[PDB]
């Protein structure tokens, strides 16, 4: 019960880098750049309410 | 957003930031900054949910 | 800027004088017995003008 800090500071204290931090809360989305254009790993379920 | 407001960037800066938040006074070191955080949630003589 | 804007805009007037709030929104080494009386003195009593004497101090 002290002063506030961003709750990722303890994660780094557990030897977690920022990228690992991002890959522990969120679902990644991979994009590909082929044939001089931009593609996307589309997931139909994710497009709910957009 | 939490990572966006995080001053620390690695393990040293984190444990040191915790060391400066808990015991605001003496210059944060390596052993002290680490042993403190370990003796908070990772030590039987200092932490126990029973 | 930071302290001034955060203190004023938040406290309007925090109703029941939420002490355990902005004290965490302050820099330097915390858990002191010095910075305590300097917030309990401004909030009430001489309201409005006291909040303009604080930042200048």
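Protein chains in written order, with the deposited numbering: chain A, 200 to 249; chain B, 349 to 398; chain C, 6 to 62. Idealized CB from N, CA, C, for every residue including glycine.
Return the bridge partner residues of residue 54(C) from the DSSP annotation.
As a working mapping, residue 54(C) is identified with position 49 in the third chain. Bridge partners of residue 54(C): none, in fact.
Using a Cβ-Cβ cut-off of 8 Å, state whether residue 127(C) counts as contacting chain B.
What is shown of chain C runs 6 to 62, which leaves residue 127(C) out entirely.
Distance cutoff 8 Å, beta carbons only. Does residue 229(A) sit that close to anything in chain B?
Counting from one through the first chain, the residue named residue 229(A) turns up at place 30. Taking Cβ atoms only, chain B never reaches closer than 8 Å to residue 229(A), which makes this a no.
Let me know if residue 362(B) comes out buried or exposed under the rule of 16 or more other beta-carbons within 10 Å of its beta-carbon.
Locating residue 362(B) in the second chain gives position 14, where the first residue counts as 1. Buried, by the Cβ-count rule.
Consult DSSP for residue 47(C) and reduce its assignment to one of helix, strand or coil.
In the third chain, the residue the question calls residue 47(C) occupies position 42. If DSSP states are grouped into helix, strand and coil, residue 47(C) belongs with coil.
Straight-line CA distance for residue 47(C) to residue 205(A)?
The residue given as residue 47(C) occupies position 42 in the third chain. The residue given as residue 205(A) occupies position 6 in the first chain. Just so you know, the alpha carbons of residue 47(C) and residue 205(A) end up roughly 29 Å apart.
Using Cβ-Cβ distances below 7 Å, what residues of the segment 19-30 of chain C are close to chain A?
29
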